[PDB]
């Protein structure tokens, strides 16, 4: 178990790190370099821990047992239009980006949805909260419903931790690492959706920007598709505007080829959309191809929607008659507070101002680097208290897991032995034809770990690194 003990001897560290890095590159745990995000002529290893972080087996089991419930929940939200408008009514007057996303959802609702096949590829993230007894409890940090990444690379890292332990003759521990293959499962969902669309020669369209350091993780899904004779074409929103078009039955065509599924790897942040990219996203949502996620499902992944769902009776109204599901889901909720104009918002603000190390302030963003904490959160709250703008955020109880030592490897920086905390993610996959759920599953996990000084996180954002859960 204890890694700290293996991290005190320096010559041995340098050697195990050398071992890990070479095995990681051989297993395909790669990213393009930051200096040339459009080129695969040169690449490096994605950041990762030297050893797999210990994770309570019961919590890992618990995270897995609630994924099917969260896939149901996200899918009920995306279909209940009144819930989404009421939930986001205040956010959309203050947040341009949520307004545009919501406005596409509205135009689409208006014209009628062309698509008849629906699917979600997501990742639900949790932390381990020290509880009353002392028992760590599984608490949800967020749910990611657009461009849920790192499932390809995560299938490749276990071999890397087994290797590091083998070098030290810890064959027992090496043997306990869990094998994990999420990209197979994510791919199977797009496969199912393609099958159901029903056009033998239609392609899966992957939406990605040209500067994309994480191409290998996307290629992994493409490899699993390609093995089942489903072809993917990669294109940017700009490409869609120049070459995407709808036929008479609203079929999407790209370069004359028919698209069955639109898998988004881009478009979860405002910086990714110019005026024309917004038209291309509307164009894709208006089409008959299955969308991954469709625009409503992307709205279901907002932090505001997450906060609303914790209010008593909210789970019950979305998943009526499903009390055990309701319970599994609710056990994972930590404190979530609306900051809308009103008494509840005023109270949450006063609590955050009184004990700022215990809350996080979150805008309706995705992908890391956008939440506010401690000093910045305090300063922002003091300006937001009296502004309508407050409605663009939500406030949340900070989980503060017990820190454990590990060693982080990131290209270009020396191996770093430090106190770290992890975040456990479970990938979910579901597909529905009209209103019948045809596939609903969990497909694997992702443990992301970071050095203790980072309030925020995310691998693509440069903070957390890839890891594997060592069951204890």
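Positions refer to the first chain, counted from 1.
Engineer: Please compare 248-256 with 389-397 and say which has the higher mean C-alpha temperature factor in the record.
Structural biologist: So the stretch with the higher mean C-alpha B-factor is 248-256.
Engineer: Got a sec? Mean C-alpha B-factor, which is higher, 452-460 or 8-16?
Structural biologist: The deposited B-factors put 8-16 ahead on the C-alpha mean.
Engineer: Name the one of 372, 353, 341, 296 with the greatest CA B-factor according to the PDB entry.
Structural biologist: Of the options given, 296 has the highest CA B-factor in the PDB entry.
Engineer: Per the entry's Cα B factor values, which of 368, 335, 151, 323 stands out as the maximum?
Structural biologist: The record points to 323.
Engineer: Using the B-factor values recorded in the entry, state whether the Cα atom of residue 405 falls in the lowest, middle or highest third among the modelled residues of its chain.
Structural biologist: It belongs to the middle third of the chain when residues are ordered by C-alpha B-factor.
Engineer: What third of its chain's C-alpha B-factors does residue 276 belong to: lowest, middle or highest?
Structural biologist: For residue 276, whose C-alpha B-factor we compare with every modelled residue in the chain, the answer is the highest third.
Engineer: When the modelled residues of the chain are sorted by Cα temperature factor, does residue 54 land in the lowest, middle or highest third?
Structural biologist: For residue 54, whose C-alpha B-factor we compare with every modelled residue in the chain, the answer is the highest third.
Engineer: What third of the chain does residue 200 rank in for C-alpha temperature factor, lowest, middle or highest?
Structural biologist: For residue 200, the deposited C-alpha B-factor lands in the highest third.
Engineer: Going by the CA temperature factor in the PDB record, which third of the chain does residue 36 belong to: lowest, middle or highest?
Structural biologist: Middle third, going by the recorded CA B-factors of the chain.
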